[PDB]
Chemist: 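Input: one structure, supplied below.
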Amino acid sequence: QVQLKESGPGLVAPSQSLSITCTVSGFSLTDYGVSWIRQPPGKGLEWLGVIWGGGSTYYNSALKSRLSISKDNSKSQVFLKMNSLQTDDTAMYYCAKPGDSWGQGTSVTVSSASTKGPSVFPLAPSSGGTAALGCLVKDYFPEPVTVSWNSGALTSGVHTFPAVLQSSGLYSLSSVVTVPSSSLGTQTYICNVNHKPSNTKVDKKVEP
Amino acid sequence: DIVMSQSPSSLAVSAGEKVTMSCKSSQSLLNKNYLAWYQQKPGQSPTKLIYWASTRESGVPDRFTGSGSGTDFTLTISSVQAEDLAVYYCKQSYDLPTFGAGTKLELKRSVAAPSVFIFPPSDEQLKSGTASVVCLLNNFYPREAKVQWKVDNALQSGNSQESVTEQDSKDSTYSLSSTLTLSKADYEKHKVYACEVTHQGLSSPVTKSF
């Protein structure tokens, strides 16, 4: 079954150029059109463009001039190129195929600032009937992370908070999971924290 | 481009209710109406629900009803579940596709008190001369809480930030983190750390503390 996978930088400088590729499997691009949609944080969906089978490309009127969509059937790939990026262009970027399935999306932040990986500190459990624990993901930039527990295995009771801005202008969040106090001794909990844009992968033993 | 006008922008609704949301288009969509409806769950990654106005997508429930024609369209949910908590977008495809601004459908539900957990700074972090103390408010409704920190009975201000989750997809509740930030210095000088939480679903304020 069809899947689409986007890949792109995560952070880019204003006025520079953006490149995202969508790698597609489970269908052939001679047969299907792939379109691009972006979503700026807290805003709605905006349609960027599409490339048809023998594409033949159409764009979004407003952005038409800044934008090029091309593809490579052979490599099973579609490219989105955008230039003179402003901070307005900060969005989650998706590619998409009765229709119709979307990629996960790639977060793209336009800022002149540089990348910083997160520090991860454990939120350790202590002294009704259930207990919380967690990890603190402090000062990183840009979005996002992308926190999990036991490399997938744990997904219920888990909350991962939206990133908040520090006065430093860096982001931080916490990821907590609830468990029963009983399980605390015998069960072991590790949080796996990824920050694509800085190439940081961290795992943390969370002990009582 | 064709302007796509969606309404209302937001909808608060108990799980029992039937809800209906409109999407008008500055121009007509008929050649088949090229109107589509999308659903975006707390990200996620939007899924297409309905095309040509009224025909649903594969594996999509019978509760989702698309209707209307030419210029005025409707999306209906018959008995909204908690899992339907999402934002819904319409897309015209007749021209260069454009989306409406969207309708956030929030779930209403009964008042639920928060369970409150507190977390001292980790030894690892303290070796960096900073101290984050965390107070967690689990699974509550409404959104929608006062969190107050006290160090050694001394009320705090300007030294905390809060993050609220999106409403839960299965029970419609919120969770909240409050985070006190201090220097290793200010922290080590003091012994007792408390968050006091007041909330609608709480007879009197609850304080967790170490």
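Atom set for the values below is all heavy atoms of this structure, side chains included, hydrogens, waters and symmetry mates excluded. Below, read A as the first sequence line, B as the second, and so on, with proteins coming before strands; counting in each chain starts at 1.
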Chemist: First locate atom CZ of B:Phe119, then atom OG of A:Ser174, and finally report the distance between them rounded to the nearest 0.5 Å.
Modeler: 9.5 Å

Chemist: Which residues in residues 37-52 of chain A have any heavy atom closer than 4.5 Å to a heavy atom of chain B?
Modeler: A:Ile37, A:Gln39, A:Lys43, A:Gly44, A:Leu45, A:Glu46, A:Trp47

Chemist: How many angstroms lie between atom CG of A:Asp100 and atom CG of B:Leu49, to the nearest 0.5 angstrom?
Modeler: 11.5 Å

Chemist: With respect to chain A, which residue among B:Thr181, B:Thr98, B:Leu176, B:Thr47 yields the maximal number of heavy-atom pairs within a distance under 4.5 Å?
Modeler: B:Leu176

Chemist: For the interface with chain A, which of B:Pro120, B:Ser163, B:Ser122 has the highest count of heavy-atom pairs at distances below 4.5 Å?
Modeler: B:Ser163

Chemist: For B:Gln161, is it the side chain, the backbone, both or neither that has a heavy atom under 4.5 Å from a heavy atom of chain A?
Modeler: side chain

Chemist: side-chain contact (heavy atoms from CB on, under 4.5 Å), that's the test. Do B:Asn138 and A:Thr178 meet it? Break it down for me.
Modeler: CA-CA 9 Å; B:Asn138 223 29; A:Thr178 42; 3.4 Å; yes

Chemist: Drop me the distance from B:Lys208's NZ to A:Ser126's OG, to the nearest 0.5 angstrom.
Modeler: 8.0 Å

Chemist: Given side chains that start at C-beta, do those of B:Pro97 and A:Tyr58 come closer than 4.5 Å, heavy atoms only?
Modeler: no

Chemist: Please classify the contact between B:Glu166 and chain A as side chain, backbone, both or neither, with a heavy-atom cut-off of under 4.5 Å.
Modeler: neither

Chemist: By a 4.5 Å heavy-atom criterion (distance strictly below it), what part of B:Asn139 contacts chain A: side chain, backbone, both, or neither?
Modeler: side chain

Chemist: Please look at B:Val164 and chain A and tell me whether the side chain, the backbone, both or neither of the residue comes under 4.5 angstrom of a heavy atom of that chain.
Modeler: backbone

Chemist: Between B:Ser45 and A:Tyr94, does a side-chain contact (heavy atoms from CB on, under 4.5 Å) hold up when you go through it step by step?
Modeler: CA-CA 8 Å; B:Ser45 217; A:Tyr94 306 98; 4.2 Å; yes

Chemist: Under a 4.5 Å heavy-atom cut-off, does chain A meet the side chain of B:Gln125, its backbone, both or neither?
Modeler: both

Chemist: When you look at CG of B:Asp123, are more than 12 heavy atoms from neighbouring residues, nucleotides or ligands closer to it than 6.0 Å?
Modeler: no

Chemist: So which bits of residues 135-147 of chain A come within less than 4.5 Å of chain B, counting non-hydrogen atoms only?
Modeler: A:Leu136, A:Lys138

Chemist: Applying a heavy-atom distance below 4.5 Å, give me the residues of residues 195-208 of chain A that approach chain B, sorted by number.
Modeler: A:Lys204

Chemist: Kindly check if the number of other-residue, nucleotide or ligand heavy atoms within 6.0 Å of OH (A:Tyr32) is above 12?
Modeler: no

Chemist: Quick one: what part of B:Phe210 sits under 4.5 Å from any heavy atom of chain A, side chain, backbone, both or neither?
Modeler: neither

Chemist: Taking A:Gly99, A:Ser61, A:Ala124 one by one, which has the highest count of heavy-atom pairs under 4.5 Å against chain B?
Modeler: A:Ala124

Chemist: Should we count NZ of A:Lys64 as having more than 12 external heavy atoms under 6.0 Å?
Modeler: yes

Chemist: Can you say whether B:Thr130 sits under 4.5 Å from chain A via the side chain, the backbone, both, or neither, judging by heavy atoms?
Modeler: side chain

Chemist: Counting heavy-atom pairs under 4.5 Å to chain B, which of A:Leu133, A:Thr160, A:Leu165 comes out on top?
Modeler: A:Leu133

Chemist: I need the contact set between residues 185-202 of chain B and chain A: heavy-atom distance under 4.5 Å, sorted by residue number.
Modeler: none

Chemist: With a 4.5 angstrom heavy-atom cut-off, which part of A:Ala62 approaches chain B: side chain, backbone, both or neither?
Modeler: neither

Chemist: Return the minimal non-hydrogen interatomic distance between A:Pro122 and B:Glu124, and the atom names on each side.
Modeler: CD-OE1, 4.2 Å

Chemist: I would like to know whether B:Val134 and A:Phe121 meet side-chain contact (heavy atoms from CB on, under 4.5 Å); could you show each step before the answer?
Modeler: CA-CA 11 Å; B:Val134 181; A:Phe121 307 111; over 6 Å; no

Chemist: Crowded around A:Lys116 NZ? As in, over 12 foreign heavy atoms under 6.0 Å?
Modeler: yes

Chemist: Hey, what do you get for CG (B:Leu136) to CG (A:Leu123), rounding to the nearest 0.5 Å?
Modeler: 8.5 Å

